[PDB]
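**Q** Before we start, here is the structure in question, set down as structure tokens.
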Number of protein chains: 8
Amino acid sequence: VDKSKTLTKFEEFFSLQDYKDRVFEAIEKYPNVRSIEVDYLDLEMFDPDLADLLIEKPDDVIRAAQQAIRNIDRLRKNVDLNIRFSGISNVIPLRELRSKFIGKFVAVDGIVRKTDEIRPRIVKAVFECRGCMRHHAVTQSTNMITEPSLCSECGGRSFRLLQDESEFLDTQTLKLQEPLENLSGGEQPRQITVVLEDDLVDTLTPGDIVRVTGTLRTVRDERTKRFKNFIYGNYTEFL
Amino acid sequence: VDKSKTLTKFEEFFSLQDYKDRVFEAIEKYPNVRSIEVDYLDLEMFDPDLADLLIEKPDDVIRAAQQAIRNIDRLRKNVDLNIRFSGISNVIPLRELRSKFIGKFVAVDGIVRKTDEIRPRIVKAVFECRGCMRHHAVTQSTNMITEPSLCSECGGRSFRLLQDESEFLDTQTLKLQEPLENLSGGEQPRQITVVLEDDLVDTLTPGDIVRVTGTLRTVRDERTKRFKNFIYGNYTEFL
Amino acid sequence: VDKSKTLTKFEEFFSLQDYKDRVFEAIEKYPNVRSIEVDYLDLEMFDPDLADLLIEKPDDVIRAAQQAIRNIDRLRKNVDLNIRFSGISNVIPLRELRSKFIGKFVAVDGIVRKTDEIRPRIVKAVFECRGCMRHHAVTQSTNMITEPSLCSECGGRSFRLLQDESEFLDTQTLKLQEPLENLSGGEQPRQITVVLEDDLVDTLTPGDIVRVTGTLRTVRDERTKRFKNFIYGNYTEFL
Amino acid sequence: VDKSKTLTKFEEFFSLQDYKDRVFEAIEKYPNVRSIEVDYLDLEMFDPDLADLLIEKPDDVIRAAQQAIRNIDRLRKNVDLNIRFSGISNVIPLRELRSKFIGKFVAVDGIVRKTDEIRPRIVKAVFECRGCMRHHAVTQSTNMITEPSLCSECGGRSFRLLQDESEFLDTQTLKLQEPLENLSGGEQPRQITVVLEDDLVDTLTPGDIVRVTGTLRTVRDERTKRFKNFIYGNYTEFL
Amino acid sequence: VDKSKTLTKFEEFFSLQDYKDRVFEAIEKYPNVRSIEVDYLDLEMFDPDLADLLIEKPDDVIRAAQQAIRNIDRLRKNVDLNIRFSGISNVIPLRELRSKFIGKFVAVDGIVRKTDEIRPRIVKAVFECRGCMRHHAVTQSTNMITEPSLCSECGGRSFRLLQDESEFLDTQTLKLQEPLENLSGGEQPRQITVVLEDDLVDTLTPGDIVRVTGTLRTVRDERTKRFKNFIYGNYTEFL
Amino acid sequence: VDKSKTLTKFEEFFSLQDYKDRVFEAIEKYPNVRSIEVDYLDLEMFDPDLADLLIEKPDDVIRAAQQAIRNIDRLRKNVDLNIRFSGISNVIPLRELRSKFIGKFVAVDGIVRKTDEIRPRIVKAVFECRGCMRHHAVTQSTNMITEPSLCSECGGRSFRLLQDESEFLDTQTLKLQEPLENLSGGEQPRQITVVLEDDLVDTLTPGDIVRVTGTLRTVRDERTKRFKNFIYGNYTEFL
Amino acid sequence: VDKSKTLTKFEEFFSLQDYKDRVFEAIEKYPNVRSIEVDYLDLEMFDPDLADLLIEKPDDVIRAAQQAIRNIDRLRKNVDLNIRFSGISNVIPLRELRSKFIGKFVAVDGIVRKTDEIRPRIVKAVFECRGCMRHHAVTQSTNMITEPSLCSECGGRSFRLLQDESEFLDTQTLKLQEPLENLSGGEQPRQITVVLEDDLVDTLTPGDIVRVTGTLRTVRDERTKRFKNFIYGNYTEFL
Amino acid sequence: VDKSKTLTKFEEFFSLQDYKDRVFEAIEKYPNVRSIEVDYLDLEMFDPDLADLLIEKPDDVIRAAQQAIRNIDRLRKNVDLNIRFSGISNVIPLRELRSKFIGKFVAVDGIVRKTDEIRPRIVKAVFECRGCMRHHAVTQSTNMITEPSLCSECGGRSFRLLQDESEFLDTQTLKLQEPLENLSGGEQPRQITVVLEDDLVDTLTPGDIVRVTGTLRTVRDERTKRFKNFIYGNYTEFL
Ligand SMILES: [Zn+2]
Ligand SMILES: [Zn+2]
Ligand SMILES: [Zn+2]
Ligand SMILES: [Zn+2]
Ligand SMILES: [Zn+2]
Ligand SMILES: [Zn+2]
Ligand SMILES: [Zn+2]
Ligand SMILES: [Zn+2]
């Protein structure tokens, strides 16, 4: 919960002459950008402790980072930019994406195979509390709706989702096959699912040799009660 | 604006000479008409701000244009007329009907591919409150019944649908394929579902080159858990 | 609820010398008849307002009609005859049986195709109130049992169906294909389901060119949550 | 429940030339009369079986009697007259008013002692069902409110009394001391409570030698869980 | 024995010549009698074992002697007769009416001191089951209403007493003082309460030297929480 | 009439020249006035039917005269003014204030005997719904708080009174004795309670010969269970 | 009649010389017999009205004929004997076994086509009341367990079936095809299911030309929701 | 809720050279002072709008005032001083302390009569939520404990008071009799209760001619459901 300190670090970070500009000129083109790039190196340089936390707790850090930009933004109300990081020094071979990397910032190189259709998902679900009829919004991260814990106003524990009041976002999946030039006879290359959202959607194509950076997440499949790991894409570049 | 501010704006557009008569002739012919066509351009002339809301919140705006007409006719004959706008500048290509356009008024060109059977659907569902046995009517917009939030009379939260007291309405589904003259090799055209209801039913047929204007809606496919977009047709025109 | 007046109109109607007889001579052959025919014309003539209500609210009118016969019948206890109407001036083409005709008296011409097996259904379901163990009978119109709203004696809302105390009735379905001599190349004739009950059972045969008269009802199919219209047969004649 | 037959007997009874008049001329002076007198003898004569039932079930009979007058009264809506009987041949000594006479028509002679103040009571209590908020009226006979058994509309069993919607009536009590000219040395005369309502209120005075006619009722006193008998006055005359 | 074995034994005692007629004359005079006196000695002659149970379990025995008479009369006129035994050998002195005698048939001599007013009490309370609204009658033995255990029809456990449908019965209280000719200096006589009901009401008066025969019952005094013994009079005789 | 029909009638009486100004001057001086006196006679002139309702249903009528004034003032300053009628023909002698007059507008003469201390009472009670924590205000007319029927927002039925948010109002009690010049020997005058509130507080004193005009209300005395009548003062005048 | 009136009638038929011995010989051989055959004709002779009920309400009648025998045997050895009637005049052709015959005693001729495996079924299910843990036995007639309505001892409504304490019974299914000598071209014979239980098990085989006598029962086919008729065999005979 | 602005005004107010000192030198002697005096005039001068709000909403203002001092206090943790105001220009005669002054800052002159004993009360009650066992503190203002609305952590609505964890405060009451030198023959001077808490305790003595300043509060007495006004003392000075 001391991540409040992290917010501060980013607040300052987003004050350095160099960054302060790309931020503004980005908030300029809204909503034709949504993203602000960040060279991992500048972060490494300016405060190497934070640069480490990004790797251990991507989600939290990336949240605090976005929070800062919202604060240091007068004039243009709202505006939520996704901040993507480039040059992550934590490249990891596909085959090694096991449990230790669950929920960690990762960079994986490979070749894009199958690319699924682009479809929406709810990012901000709005619920109606069945206890007092009040409305509560809850940010979703998966395609599985997550109801509020309890209603703080009346103590209710039962909610009804109001789709017409919820906000959507574009989502897409693809297969990231590992590079062959490292295998050794007989071995049929392995692959992992990558999830691209918002503006990283419709960015990659079957064949693209790339380096996907992002958070390694996991999900248990229905029926086959087994988990499966996938990468929640943050930044992407060609090799 | 708020909804109320809009109703007014509309009550005047529907009072202007040019449309004053069209409205009465329709209210007159009911139910041999149901529709009342309005030129977008005229809406712009009368007001540029309203002609914009029509695109950002077509649902409420159109629901307002209906309460306006219902507030004009001399005989207060109720009459649920369909306001259909013609000539919409907001023309979006099919492949680009992503999330940003959910809930927005769009206009898409393409070619009617497959046409489905006309079936009815409940538009006004009547429920019996299991708490006090009173009756409540609730307007439905999808083919999925939506029960009332709670019974205002006794506080009940459980209802039973009374089909025999509900009002139906004809609905129809068809696939709209994108224009071929823009695809580039190895590219199979993408199609999208269009929903036609009331008097727009049985209006189009395979081959017809059209410019479907309507609200972009989304719906989660049962068992797949994935959302999919479709167009709720408002106005149709040939090219 | 003012249909009580309708009961009266039929009471009188079933007093005219002409009708008063076929009634009695019908109640004579019980239970080898069950039906009393009614020339729509005599109804049209004697009270043209009622003749109109039949079309708008078949079920209610036909109920009030049957109610009358029960009242104007001393001596032979019970005896419930179905009254069927001939010569309905509301003939409608098969293809046009849309929502406006849901719950309306209709006459449709066509050719009988597939004819299903004759099977029973419950017409009068008897329920045991789980609250006070009392018995309640409820008339069913579909093959889906409909429990009582609530128990008037104790306020119970939960019931158990007692099959052994319920009354059955013969039911049958068939397909009524539209007449071809009106189509126009390429068009594969459409069809609709007809439901024949009680003594209209085993009356039609594949091939019969007929004119089915009855109430247009609708039902949502399981799985495919879509509705489908069908005709609840009242009278039938050959062309 | 066959008391419906009793209603009939009174309907006829209140058709005899002689009575039919005092009824009308009474309904004339409303609301300056409220009472219609009935010579027990005429009742004895015309139908001696009814004349007996009055004695065994005063309340029911007197109800059916009042019901009749309401039926045989066109023109002046409402109007509820109390019918009082004179010349009851069931005179009983005060000291003998034991259990056998509970709920029986009785005539008792004595001298009026203490006379209490005149105060109102609720005759028709209106309740709000806490289940569905509907209103139910219930006739009260004592000064203790009696809630409905259950709500027939929703099955509710809990009610709230709405005083502002209830109707009141004047009530009064007095002591009827037994006649001394029948005692025998040492014996301190006994007494019983008489309850006078509506227009018999403020009719008797301490000292009046009278003959009270009415229904013998009983009530258990709080604290001292013992019952006590009293007379619910119907008719009164001086000796 | 069991209760049944006793009923039989009694059905014969009540069939013997000597008493055969007394029973019929009583059943005949009902309700101008209510009682049927039987000499204990005769009971001994007819059977010594039954004449004993009468003392060990007077309640059940007497309840049996009643079901017997009720099973003899020709007209099955019901008739709740009071069997009263005369000449009981089990004579216990007043001061010795302790616990061993609770529930036993005793006979105590003394002198009627103070006599209380005759009041009624419910003998047969009728309850309305709050579960199914059905009516249940329950015989009461004390002046404290005893609700049914549970409703056999619906399983309900909550009841409402319907006073207007309940049957009353006259009851009376008096103090019985021990015989003075046995006390020894500085000893104030001890008294005990006697309860007289039905036809035994208003039978004794101060001064009367009697030999009260009845069941010894006990009751806890409210607020004191202490039990106290009293005699439930069955038969009275002067000395 | 209905309530609405009355409001109108009043909105005009309060628009007439003669009273147009009195109303504004009062609305002006608020809250240094609160009252607005109106001559009954003038009400008769303006309308004889309304001047009658004032007597049959003073409560609603007066509640209407308030909504009228509240619907006239230019500044919509709310202002809860007290309409007080002067010169009421419906003068009833004290001893005759029985049930027929409960809820009616009366005028009684007598002499102020005893005067009680002025205390406040809640006029507008504010409750917190225990279901959703929302606040509801409810106008009180007695000194007994009356909770809301149910919460319309969530269906709750349980509330908690929030005294610190409720509005108070001064109330006062006094005994009004009947005029002595009409009693006839051995007759002690009868008194009745009068309740004075708002600006009528501390207006009368012992000895004052007055003509209290107000609504006759009744209330059950706790522990006694007996109703008692009292006058809710509207207008006072000296004789 | 009522059930009781019938039991008597039967107790006499089973007392007549001709059958007096058959019954005893059977009760004697139990359980090496179970059945007791009776000629319908004899039933007619003994009584024509009873021989009719047997057809209109075979279930109750047969249940009565069983309670009769159970009320005759000297040793009160219980013995659940099967009464099977021979030579039934009520012979109905297979294709005509519609609703009017549900619950009726019929006799149908045809040819045993397919025979199923003999399996057991619970005839007397024993349940443990989850409320008080008591045991209740309930006779089953179908292969679908039917729980008790409610527990009379404690009012419970929830039960658990105790298979190890329940009694089984052999049951068997076979298809009965209509006689071929009556069909007319292109007509494939219709078959109906027959259920054979107890000693009738493994009695018939393919090819056997028979005249199945039994009760016509109906049952709803799970998942189809459609009823289907079948014959519950009582007596079998070859042709 | 905009009282946050009031907090600010006091924050500034408590920064003026003059006040900033007495604050500090007061926080110096803790806990031997508890109070900081405030000349109403300085408040009147510096910001006359606030000086008015004090009178209308004493409680809120005085709260915001105390809140400020807590904020502008570094170094010495805790320390809650009561701020008392002197020289209130809202002196009001005792007899006029009616409803309009409920919850208003008031100054009343009079002579101290009876002085009650000093006793403690709970100022900060600590409750244990019966739902999750968590602890909640709630400031009390009366001697009647006020439980929390609901538990924000788990939604619980039931609490248990933990006396051993609650904080107490000294409280005292006295009678403030009005000054006689203003009455006029016969009039027996009136009085009102004053409540002195914390350090104003044991400050006044019978006889002291004083001017009590404070908030007028009201409370309904048990039994006698009537309210009574009293003064919650804030500042006191001698005349
Ligand atoms: Zn809530
Ligand atoms: Zn409801
Ligand atoms: Zn029930
Ligand atoms: Zn209700
Ligand atoms: Zn029950
Ligand atoms: Zn609420
Ligand atoms: Zn049980
Ligand atoms: Zn909690």
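Every chain in the structure tokens takes a letter, A first, then B, and so on in the order presented; its residues are numbered from 1, and the ligands are numbered from 1 following the presented order.
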Using only C-alpha atoms, find which residues of chain F lie within 12 Å of chain A and jot them down as a PDB file with N, CA, C and O atoms, in the first residue's frame.

**A**
ATOM      1  N   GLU F 128     -33.842   7.705   8.535  1.00  0.00           N
ATOM      2  CA  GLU F 128     -32.765   7.082   7.792  1.00  0.00           C
ATOM      3  C   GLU F 128     -33.252   5.661   7.539  1.00  0.00           C
ATOM      4  O   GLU F 128     -33.594   4.926   8.461  1.00  0.00           O
ATOM      5  N   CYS F 129     -33.319   5.294   6.274  1.00  0.00           N
ATOM      6  CA  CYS F 129     -33.733   3.963   5.917  1.00  0.00           C
ATOM      7  C   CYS F 129     -32.600   2.993   6.268  1.00  0.00           C
ATOM      8  O   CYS F 129     -31.489   3.137   5.782  1.00  0.00           O
ATOM      9  N   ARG F 130     -32.885   2.000   7.099  1.00  0.00           N
ATOM     10  CA  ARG F 130     -31.871   1.049   7.496  1.00  0.00           C
ATOM     11  C   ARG F 130     -31.472   0.115   6.386  1.00  0.00           C
ATOM     12  O   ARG F 130     -30.539  -0.661   6.522  1.00  0.00           O
ATOM     13  N   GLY F 131     -32.174   0.205   5.273  1.00  0.00           N
ATOM     14  CA  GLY F 131     -31.872  -0.647   4.146  1.00  0.00           C
ATOM     15  C   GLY F 131     -30.804  -0.085   3.235  1.00  0.00           C
ATOM     16  O   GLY F 131     -29.896  -0.814   2.856  1.00  0.00           O
ATOM     17  N   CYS F 132     -30.907   1.198   2.890  1.00  0.00           N
ATOM     18  CA  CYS F 132     -29.962   1.829   1.998  1.00  0.00           C
ATOM     19  C   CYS F 132     -29.372   3.086   2.564  1.00  0.00           C
ATOM     20  O   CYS F 132     -28.678   3.817   1.884  1.00  0.00           O
ATOM     21  N   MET F 133     -29.661   3.365   3.815  1.00  0.00           N
ATOM     22  CA  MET F 133     -29.108   4.555   4.451  1.00  0.00           C
ATOM     23  C   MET F 133     -29.572   5.886   3.868  1.00  0.00           C
ATOM     24  O   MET F 133     -29.004   6.904   4.190  1.00  0.00           O
ATOM     25  N   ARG F 134     -30.590   5.891   3.016  1.00  0.00           N
ATOM     26  CA  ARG F 134     -31.081   7.150   2.456  1.00  0.00           C
ATOM     27  C   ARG F 134     -31.955   7.886   3.457  1.00  0.00           C
ATOM     28  O   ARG F 134     -32.426   7.289   4.415  1.00  0.00           O
ATOM     29  N   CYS F 151     -39.625   2.089   1.968  1.00  0.00           N
ATOM     30  CA  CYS F 151     -38.681   2.901   1.242  1.00  0.00           C
ATOM     31  C   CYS F 151     -38.840   2.608  -0.229  1.00  0.00           C
ATOM     32  O   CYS F 151     -38.634   1.481  -0.666  1.00  0.00           O
ATOM     33  N   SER F 152     -39.196   3.630  -0.996  1.00  0.00           N
ATOM     34  CA  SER F 152     -39.401   3.481  -2.439  1.00  0.00           C
ATOM     35  C   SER F 152     -38.144   3.171  -3.238  1.00  0.00           C
ATOM     36  O   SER F 152     -38.224   2.595  -4.321  1.00  0.00           O
ATOM     37  N   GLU F 153     -36.994   3.556  -2.689  1.00  0.00           N
ATOM     38  CA  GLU F 153     -35.701   3.372  -3.336  1.00  0.00           C
ATOM     39  C   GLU F 153     -35.172   1.962  -3.293  1.00  0.00           C
ATOM     40  O   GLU F 153     -34.632   1.482  -4.282  1.00  0.00           O
ATOM     41  N   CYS F 154     -35.305   1.311  -2.142  1.00  0.00           N
ATOM     42  CA  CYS F 154     -34.807  -0.041  -2.007  1.00  0.00           C
ATOM     43  C   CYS F 154     -35.809  -1.063  -1.484  1.00  0.00           C
ATOM     44  O   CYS F 154     -35.501  -2.255  -1.400  1.00  0.00           O
ATOM     45  N   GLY F 155     -37.005  -0.605  -1.135  1.00  0.00           N
ATOM     46  CA  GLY F 155     -38.022  -1.507  -0.633  1.00  0.00           C
ATOM     47  C   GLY F 155     -37.918  -1.755   0.859  1.00  0.00           C
ATOM     48  O   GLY F 155     -38.656  -2.551   1.421  1.00  0.00           O
ATOM     49  N   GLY F 156     -37.006  -1.062   1.520  1.00  0.00           N
ATOM     50  CA  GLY F 156     -36.844  -1.273   2.945  1.00  0.00           C
ATOM     51  C   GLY F 156     -38.089  -0.979   3.748  1.00  0.00           C
ATOM     52  O   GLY F 156     -38.931  -0.208   3.321  1.00  0.00           O
TER      53      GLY F 156
END

**Q** In Å, how much C-alpha RMSD is there between chain F and chain D after the fit, with all atoms paired in order?

**A**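 Across all paired C-alpha atoms, the RMSD is 0.8 Å.
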
**Q** Excluding same-chain residues fewer than 3 positions from stretch 74-88 of chain B, what lies within 9 Å of it counting only C-alpha atoms, as a PyMOL selection string?

**A** chain B and resi 24+26-27+30-31+33-41+62-63+65-67+69-71+91+105-107+198-199+213+234-237

**Q** Please list as a PyMOL selection string every residue within 9 Å of residue H:142, counting only C-alpha atoms and excluding residues in the same chain fewer than 2 positions away.

**A** chain H and resi 121-123+140+144-146

**Q** Would you export the selected residues with C-alpha atoms as a tab-separated table (two decimals), in the first residue's frame, please?

**A**
chain	number	residue	atom	x	y	z
H	121	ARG	CA	-20.78	10.29	30.68
H	122	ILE	CA	-19.30	8.64	27.62
H	123	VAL	CA	-18.02	11.09	25.02
H	140	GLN	CA	-21.65	10.90	21.70
H	144	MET	CA	-27.86	8.14	25.38
H	145	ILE	CA	-25.53	5.92	23.44
H	146	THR	CA	-25.90	6.11	19.69

**Q** Which residues are near stretch 171-176 of chain C? Cut-off 12 Å, only C-alpha atoms, ignore same chain within fewer than 5 positions. Put them as a ChimeraX atom specification.

**A** /C:93-95,107-123,141-143,189-213,230-233,236 /G:98-99,226-228

**Q** In Å to one decimal, how far is atom CA of residue D:157 from atom CA of residue G:149?

**A** 24.2 Å

**Q** Mind the document's chain letters and residue numbers, and return as number ranges by chain the residues of stretch 3-232 of chain C that DSSP labels helix (DSSP H, G or I).

**A** C: 4-13, 17-28, 40-45, 50-56, 58-71, 94-96, 99-101, 163-165, 198-200

**Q** Please measure the separation of atom CA of residue G:45 and atom CA of residue G:29, giving the value in Å to one decimal.

**A**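 Computed distance, atom CA of residue G:45 to atom CA of residue G:29, equals 28.1 Å.
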